[PDB]
There are 2 protein chains.
Amino acid sequence: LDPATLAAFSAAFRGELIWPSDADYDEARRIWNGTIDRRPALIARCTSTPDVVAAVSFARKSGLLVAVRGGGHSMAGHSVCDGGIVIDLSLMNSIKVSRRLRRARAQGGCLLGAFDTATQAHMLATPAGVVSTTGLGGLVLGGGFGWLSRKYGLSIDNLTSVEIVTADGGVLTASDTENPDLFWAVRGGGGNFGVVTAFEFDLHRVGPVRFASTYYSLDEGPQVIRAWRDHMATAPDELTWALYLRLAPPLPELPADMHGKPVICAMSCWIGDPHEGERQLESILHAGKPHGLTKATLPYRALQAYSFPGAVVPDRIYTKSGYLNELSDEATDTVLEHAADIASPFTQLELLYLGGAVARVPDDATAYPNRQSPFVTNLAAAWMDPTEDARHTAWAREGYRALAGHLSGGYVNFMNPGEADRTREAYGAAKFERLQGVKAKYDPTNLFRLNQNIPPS
Amino acid sequence: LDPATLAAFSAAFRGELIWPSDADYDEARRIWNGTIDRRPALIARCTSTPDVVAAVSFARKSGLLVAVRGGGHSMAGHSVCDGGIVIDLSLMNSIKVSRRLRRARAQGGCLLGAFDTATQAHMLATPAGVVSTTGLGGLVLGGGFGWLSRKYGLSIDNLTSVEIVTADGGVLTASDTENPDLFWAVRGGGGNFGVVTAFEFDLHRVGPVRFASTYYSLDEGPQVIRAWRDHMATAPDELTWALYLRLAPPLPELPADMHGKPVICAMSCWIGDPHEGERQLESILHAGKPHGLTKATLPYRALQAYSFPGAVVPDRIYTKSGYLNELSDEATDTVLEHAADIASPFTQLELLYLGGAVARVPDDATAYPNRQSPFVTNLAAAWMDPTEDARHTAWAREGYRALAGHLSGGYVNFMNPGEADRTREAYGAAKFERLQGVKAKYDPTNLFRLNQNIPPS
Ligand SMILES: Cc1cc2nc3c(=O)[nH]c(=O)nc-3n(C[C@H](O)[C@H](O)[C@H](O)COP(=O)(O)OP(=O)(O)OC[C@H]3O[C@@H](n4cnc5c(N)ncnc54)[C@H](O)[C@@H]3O)c2cc1C
Ligand SMILES: Cc1cc2nc3c(=O)[nH]c(=O)nc-3n(C[C@H](O)[C@H](O)[C@H](O)COP(=O)(O)OP(=O)(O)OC[C@H]3O[C@@H](n4cnc5c(N)ncnc54)[C@H](O)[C@@H]3O)c2cc1C
């Protein structure tokens, strides 16, 4: 690099720089998806909005490929690059909560767990994903859903404004009253339009929630899934009920006989009065014979911390995901036969139901696509051994292929590293080309292209 | 203030200053103990170690009373002052966790829930308190105990070094090899010796833990508490079992007749193989009939997020606590009789058992006193109404007074605002006077006096 520019950048940067020669480089460059092994020229750990301005201008002037990293959970591996700069936000994880306002301001590098901790100090909360180690940054920019979404919508449905650094180094506010074209785009358009350094959210009061997790044999697979899809079609918003097909974990609540064998793990909660929730959950817990039933009344922060129970975190991941408008009987049996071939104990075939509040938002209100498709399926292969990559990748691909016509769209936040060309299909032509128009205005050179990328014009 | 001193301060300060005229003054100055209503001259929200150096030097030159704020959980209200400066660390909450080193470097404003999130990304953990909103900063400086402590010790038993800003504005490292007198003092000596801007910890791998919570009627109060005190005397380190006497929360797992009436809430976990945990917990669950039994195998981060059942944040608190060397039958009847008079649904009479790894550290190895007393009781009055302060406070004082002589020492982190004169008894003469000698060296002017204070010399 040009020393003057490198020196210039350094003069303006108060964070920590990690070079390939430094000691925390190999670990700083690893992301959650360990199949992605890349070596940046530079890792810039920003500590403030001025730091990110300096890093973005440096990358622009040097012509370095820009990776932005929040929590490192990209299933496509977008948060690390070969030979470019990582704009790493993981040290910007402060959150200010006003109890009086029911508002949270969170930095771009926050983890969900920290966010939930800070808001639950006041018994407040807003929708986010179910794994607490996930970064707020990439989750919100792609939409973000979890236990609270059927009641309160997507994370973007509770976003009130952002502070964002654009590719030319300027700091902008985006809200419904300031740069509203940009505010439209960041609500579902990913990292395409700049580095969000602050997210502001509306918060809701969420007290203890009745929660249940249990396991069904695949022998009862057809009636469980059918009961689930039938019930969710008319369920109240307060009910969330998700199915995860997987090998049974060797946990004491399940008989040793079931351990390591394909099962349906069913998790459900009631967002509302726990007494009503006890009644609602028990009415849906017995479509199959429930094994290893755990029922609890949990602080919301404890529900957020629950997924998923297990001795390790898988090192290698490959996901194939899409939406469904209906889950047909043919589609049910296909999921069940593919679940029966699960090989790794970390792999999950996820069946999620959204709808509710998410569905109620007008389709063009944000850049998030496919609100009106209630089902999400995610074949989430996960494993350890690098020499078994092909078998696990193959399980997720062929499951996806067997379902293909039932599936439409795609959640940008579940895309794998080979799915760069799924961007148009995911958004649809209308949203895609409106996003292209916002990109030509705020990122005309496509400085931000490590994402489900939207080329300008 | 003197405008050239202030102008120098603000020039060196990259954080936020909050003045009494500022919007968010009133909220920034509130702490968790809402009986403490104080108005600082200035709240300085630090964002880095250089910020803390600037604020500390500004306070010293200005002669402002210094309050240090981490998580705001001071039961004595030490984290806000009338007329001084709050050096507020709550925006410094970044955590670096290295999976290879099993190390966590945590800034001095971290909350436990953020720390546990960050370490559990690698299935790692280290002992801390049981409520995730507590500040790491004040908790560790007093010792720190929770679910992992009988197995792995106090938080200070896993602290390997700190970065600390002393009253003269210098930044020091303290460890077993650098400034070891100071390193002894900060491990149990509170905020007396400076502002800790970073804590480094050893981490341990902690996977799923078998957990149980249940409630006993006070009718069976005597046999439950006797079984508890008899069993813990010889329990393995892996078992933690705590009792919380309280009004039963109106939760669906409990019969409506028990709602709002005094009960023993018993929580236990096994830090180890969940199948062995299931065996161990069931052997201790049946000294009385368990009502509202919840059993679960939880990620450790979810165990940390669990406390407490009901999840309501009380506005007003008053605590009386001490250690016990033995729990006699007469002390047991006293605890049961006072619990029967609990008036507020947020109030708890806590019965904890430490021992284990805490008790195997030599007594003089740190400044934390009374490792050899295994029992802790905490009469924690908590309520909403400011016009009823006297009743709630009276319940706590009277309970403590009833216990009398069974109680010795006292955990500095459970002191109330009227307990400044308990510092000597809490530490004991030998530790107190050694701490004074460390105080004479590192804080001779007693600039840091909002704490269980140790005067120099
Ligand atoms: C185990 C696991 C569980 C999950 N659970 C769910 C869930 O329940 N619900 C759900 O909706 N999703 C979930 N996700 C997906 C998650 O939403 C996406 O992986 C998301 O992009 C991760 O965000 P991140 O900041 O952690 O990842 P990163 O790898 O850091 O970044 C992902 C993308 O966001 C961009 N980006 C990140 N931060 C910023 C920022 N501040 N400004 C601009 N761009 C940014 C990056 O450039 C990249 O394109 C899960 C993922 C994993 C791995
Ligand atoms: C609801 C609740 C549950 C609790 N649970 C437990 C538990 O399970 N186990 C346990 O051991 N304790 C527990 N505690 C007590 C806790 O350890 C003390 O309240 C502790 O002082 C909290 O630290 P803090 O930073 O949050 O509070 P603060 O009010 O911000 O600070 C308390 C003291 O520490 C000083 N201080 C704080 N941070 C720093 C720093 N970085 N450098 C120098 N000084 C600092 C302050 O000056 C003050 O004297 C609990 C408290 C509450 C209120």
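Residues numbered from 1 in each chain as written, not as in the entry; some residues may be left out. Chains lettered and ligands numbered in written order. Heavy atoms only, no water.

The deposited coordinates for this entry were obtained by X-ray crystallography, with a reported resolution of 2.300 Å.

(A) Structural view of the packing of aromatic side chains. Taken as a whole, this structure holds 28 aromatic pairs over all chains when the rule is applied. An angle of 90° between the planes, with centres 5.8 Å apart, marks the rings of A:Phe145 and A:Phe414 as edge-to-face. Remark: A:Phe414 occurs in the loop between strand 19 (407-408) and helix 14 (423-427) and A:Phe145 occurs in the loop between helix 5 (136-142) and helix 6 (149-152); sequence separation between them is 269 residues. Judged by centre distance (4.9 Å) and plane angle (80°), the ring pair of B:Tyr411 and B:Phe414 falls under edge-to-face. (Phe/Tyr/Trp six-rings, centres within 6.5 Å; stacked < 30°, edge-to-face > 60°. Helix = DSSP H or I, 4+ residues; strand = E, 2+ residues; numbered from the N terminus.)

(B) Quick peek at the environment of B:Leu172. Among the structural elements, B:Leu172 can be located in strand 9 (residues 171-175). As a C-alpha pair, B:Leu172 and B:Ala266 span 94 residues in sequence and 43 Å in three-dimensional space.

(C) Layout of the domain arrangement of chain A. Residues and elements named next belong to chain A. For chain A, the assigned domains are domain 1 (15-93), domain 2 (94-205 + 416-443) and domain 3 (206-415). Placing the centre of domain 2 and that of domain 3 at their C-alpha centroids yields a distance of 24 Å. At the interface, 42 residues of domain 2 touch 49 residues of domain 3. Summed over both partners, the interface of domain 2 with domain 3 comes to about 3,900 Å²; 57% of that surface belongs to carbon and sulfur atoms. Contact with domain 3 buries surface across domain 2, with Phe145, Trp147 and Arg150 losing the most and accounting together for 28% of the total. Taken together, domain 2 and domain 3 are joined by four salt bridges. In this structure, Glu238 and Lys151 form a salt bridge, with 3.0 Å as the shortest nitrogen-oxygen distance. Seen at the junction of domain 2 and domain 3, the total is 30 residue pairs in polar contact. Breaking the side of domain 2 that touches domain 3 down by element, the ones donating at least two residues are helix 4 (112-120), helix 5, helix 6, helix 7 (180-186), strand 11 (204-205), helix 14 and helix 15 (429-442). Taken together, the residues of the side of domain 2 that touches domain 3 sort by class into 17 nonpolar, 14 polar and 11 charged. (Domains from an automatic or database assignment. Contact = heavy atoms within 4.5 Å. Buried area = accessible area lost by both parts, 1.4 Å probe. Salt bridge = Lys/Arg side-chain N within 4 Å of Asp/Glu carboxyl O. Polar contact = N/O pair within 3.5 Å; in protein donor to acceptor, adjacent residues only side chain to side chain. Nonpolar A, V, L, I, M, F, W, Y, C, P; charged D, E, K, R; others polar.)

(D) Fine view of the interface of chain A and chain B. At the junction of the two partners, chain A supplies 52 residues and chain B supplies 49 residues. If you look at where chain A meets chain B, you find six salt bridges. In this structure, B:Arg210 and A:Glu253 form a salt bridge, with 3.1 Å as the shortest nitrogen-oxygen distance. The tally of links from chain A across to chain B stands at 22 residue pairs in polar contact. At the level of elements, strand 5 (95-98), helix 4, helix 9 (274-284), strand 15 (291-298) and helix 10 (300-306) of chain A are the ones that each hand at least two residues to the side of chain A that touches chain B. When the residues that make up the side of chain A that touches chain B are grouped by side-chain class, the tally is 24 nonpolar, 14 polar and 14 charged.

(E) Representation of the site of ligand 2. Residue and element names in this part refer to chain B. Close contacts around ligand 2 come from 32 residues, with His73, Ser79, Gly135, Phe145 and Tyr411 the closest. Within the contact set of ligand 2, an oxygen atom lies 3.2 Å away from a backbone nitrogen or oxygen of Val68. Taking 950 Å² as the accessible area of ligand 2 by itself, protein coverage stands at 93%. With four residues, the top contributor of residues to the shell around ligand 2 is helix 5 (residues 136-142). (Near = heavy atom within 4 Å. Areas by Shrake-Rupley, 256 points an atom, 1.4 Å probe, with all protein chains shown as cover.)

(F) Quick look at the pairing of strand 16 (residues 316-324) of chain A. Residues and elements named next belong to chain A. In terms of residue burial, strand 16 counts as a mostly covered element, since nine of its nine residues are buried. Residues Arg316, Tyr318, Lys320, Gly322 and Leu324 of strand 16 are buried on one face, and the alternating residues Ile317, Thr319, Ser321 and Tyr323, pointing to the opposite face, are buried as well. Across nine bridges, the pairing between strand 16 and strand 18 (residues 375-383) is antiparallel. By the bridge assignment for strand 18, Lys320 is matched with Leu379. (Buried < 20%, exposed > 50% of the residue type's maximum accessible area, 1.4 Å probe, protein only. Pairing = 2+ DSSP bridges.)

(G) Quick look at the relation of the copies chain A and chain B. The operation relating chain A to chain B is a screw motion whose rotation component is 179°, with 0.0 Å of axial translation and a residual RMSD of 0.3 Å. Both copies of the chain, as the preceding transformation shows, are related through a two-fold rotation axis. For chain A, the smallest separation between a C-alpha atom and the rotation axis is recorded for A:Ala114, amounting to 2.1 Å. (Least-squares fit on C-alpha atoms.)

(H) Structural view of the pattern of salt bridges. Residues and elements named next belong to chain A. Under the counting rule described, the total for this entry stands at 63 salt bridges over all chains. Ionic pairing is found between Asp88 and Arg45, a salt bridge with its closest N-O pair at 3.3 Å. Here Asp88, found in strand 4 (residues 85-88), pairs with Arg45, found in strand 2 (residues 42-45); they are 43 residues apart in sequence, far enough to count as distant. Each member of the pair, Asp88 together with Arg45, is buried.

(I) Broad picture of the packing of helix 4 of chain A against helix 4 (residues 112-120) of chain B. Running from amino to carboxyl end, helix 4 of chain A crosses helix 4 of chain B at an angle of 165°, the nearest separation of the two axes being 8 Å. When the axis of helix 4 of chain A is compared with that of helix 4 of chain B, the two are roughly antiparallel. Helix-helix and strand crossings are classified by hand; for helix 4 of chain A and helix 4 of chain B the assignment is right-handed. Contacts from A:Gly113, A:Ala114 and A:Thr117 in helix 4 of chain A reach B:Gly113, B:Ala114 and B:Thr117 in helix 4 of chain B. Tallied by class, the residues present in the contact of helix 4 of chain A with helix 4 of chain B amount to two nonpolar, four polar and no charged. (Axes fitted to C-alpha atoms, helices over the stretch in contact; angles between N-to-C directions. Parallel < 35°, antiparallel > 145°, perpendicular 65-115°, else oblique. Left-handed = near helix turned anticlockwise from the far one by under 90°.)

(J) Examining the site of ligand 1 more closely. Residue and element names in this part refer to chain A. Neighbouring residues of ligand 1: 33 residues in total, closest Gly70, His73, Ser79, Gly135 and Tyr411. Here an oxygen atom of ligand 1 sits 3.3 Å away from a polar atom, N or O, in the main chain of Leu139. One of the backbone nitrogen or oxygen atoms of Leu450 is found 3.0 Å away from an oxygen atom of ligand 1. Contact with the protein chains removes 93% of the 950 Å² of surface that ligand 1 exposes when unbound. Mapped onto the shell around ligand 1, the elements with two or more residues apiece are strand 3 (66-69), helix 5 and strand 10 (195-202). In terms of residue count, helix 5 provides more of the shell around ligand 1 than any other element does, four residues in total. When the residues that make up the shell around ligand 1 are grouped by side-chain class, the tally is 14 nonpolar, 18 polar and one charged.

(K) The pairing of strand 18 (residues 375-383) of chain B, seen in detail. A large share of strand 18 of chain B lies buried, amounting to nine of its nine residues. Side chains B:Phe375, B:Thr377, B:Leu379, B:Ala381 and B:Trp383 project from strand 18 of chain B onto one buried face, and the interleaved B:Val376, B:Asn378, B:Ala380 and B:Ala382 project onto a second face that is buried too.

(L) Expanded view of the sheet that holds strand 8 (residues 159-165) of chain A. Residues and elements named next belong to chain A. The sheet built from five strands is open, its strands ordered 5-6-10-8-9 with antiparallel pairing. Of all strands in the sheet, those bounded by a partner on one side alone are strand 5 and strand 9 (171-175). The average undirected angle you get between the axes of adjacent strands in this sheet is 15°. Two strands pair when backbone bridges link them, and strand 6 (residues 103-107) and strand 10 are joined in this way by five bridges, in the antiparallel orientation. Following the sheet pairing, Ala104 is matched in strand 10 by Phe201. Packing against the sheet, helix 4 makes contact with strand 5, strand 6 and strand 10, and its axis sits at approximately 25° to strand 5.

(M) A look at helix 8 (residues 221-232) of chain B. The terminal C-alpha atoms of helix 8 of chain B lie 17 Å apart, and with 12 residues this matches the ideal 16 Å at 1.5 Å per residue to within 8%. Along helix 8 of chain B, the residues that are buried comprise B:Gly221, B:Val224, B:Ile225, B:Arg226, B:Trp228, B:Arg229 and B:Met232. (Expected span 1.5 Å × (residues − 1).)

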